[PDB]
Amino acid sequence: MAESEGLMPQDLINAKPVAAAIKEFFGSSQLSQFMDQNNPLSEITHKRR
Amino acid sequence: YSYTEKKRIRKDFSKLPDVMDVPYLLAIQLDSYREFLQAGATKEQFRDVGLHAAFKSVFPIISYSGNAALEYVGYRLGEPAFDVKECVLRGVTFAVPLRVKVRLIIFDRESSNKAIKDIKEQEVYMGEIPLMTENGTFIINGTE
RNA sequence: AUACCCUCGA
């Protein structure tokens with residue numbers, strides 16, 4: 001319902017949901033987990049998992 | 001004959017030839033993320049999967065009973081705010097800003113090119129991508 | 001000092 005003159009593209013889009021989704025996936029997903037750094041081989045076998 | 005091996009030679013019992021050298025071990029992760037990011041953009045960025053693919057997937061937006069659309073232009077990745085070592089020291093998630101150019105084009109709903117008002121500008125900072133490090137991992141809140 | 005998730009040992 002907003003007008004082209006009444007609203008600007010920067011004021012229409014809310015970027016909060018995409019940032020929240022990216023943060024949630026990168027911090028709380030099952031596949032996101034702390035790297036095994038006790039061995040250099042542990043890192044390689046974790047990233048190739 | 002390289003310099004590093006000149007320090008110590010392993011006696012190898014290989015009785016079969018090395019037709020192909022062992023490929024890079026972490027390529028399966030580094031290839032995926034760099035294809036997902038599409039850092040190298042030509043005049044026409046690759047139509048393959050990635051953030052660009054998702055943006056084109058949600059490209060045409062039609063207002064409900066209205067003549068107004070949001071066309072997407074190529075996005076522009078930001079520059080890393082911190083170095084990865086600095087992020088590990090501080091906990092800055094080693095993120096890079098994301099911004100895209102969108103055009104809000106309204107019409108007169110006359111089934112043609114009427115009421116020509118195309119407002120194209122770079123959109124707001126749509127979050128920040130964690131920008132995987134060169135070793136196949138990335139820092140989130142200071143932890144690898 | 002409560003619930004999930006992940007990883008690991010027997």
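Here the Cβ positions follow ideal geometry from the backbone for every residue, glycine too, while neighbour counts run over all protein chains shown. Derivation of every value follows stated rules applied to the coordinates shown; laboratory data play no part.
Packing, taken as the mean count of other beta carbons within 10 Å per residue, orders the peptides B:83-94, B:15-26, A:2-13, B:108-119 from highest to lowest as B:83-94, A:2-13, B:108-119, B:15-26. Summing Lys, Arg as +1 and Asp, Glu as -1, what charge do residues with Cβ under 15 Å from the Cβ of B:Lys85 carry, B:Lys85 excluded? Around B:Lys85, the surrounding residues sum to -3.
Pairs from the table (B:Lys43/B:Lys101; B:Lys56/B:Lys101; B:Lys56/B:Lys120; A:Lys47/B:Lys6) lying more than 19 angstrom apart at Cα are A:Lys47/B:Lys6. In terms of the mean number of neighbouring beta-carbon atoms within 10 Å, the peptides B:42-51, B:73-82 order highest first as B:73-82, B:42-51. Taking label positions 7 Å along the Cα-Cβ direction at both B:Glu86 and B:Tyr3, the computed distance is 3.1 nm, reported to one decimal. When all alpha carbon pairs of the stretch B:46-120 are counted in 5 Å bins from zero, the resulting P(r) reads 3, 13, 16, 15, 13, 12, 10, 6, 4, 4, 2, 1 %. Where only DSSP H runs of four or more residues are counted, chain B gives -4500 deg cm²/dmol as its mean residue ellipticity at 222 nm, each run worth -39500 (n - 2.57). The mean count of C-beta atoms from other chains within 10 Å of the C-beta of residues in A:26-36, rounded to a whole number, is 2. Model label points for B:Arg34 and A:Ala20, set 7 angstrom from Cα along the Cα-to-Cβ axis, are 3.5 nm apart.
Under a cut-off of 15 Å between alpha-carbon atoms, report the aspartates and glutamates in cross-link reach of A:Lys16, not counting same-chain residues fewer than 8 places apart. Those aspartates and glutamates meeting the cut-off are A:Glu24, B:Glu123, B:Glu128. The value of relative contact order for chain B, using C-alpha pairs under 8 Å at least six residues apart, is 19 percent.
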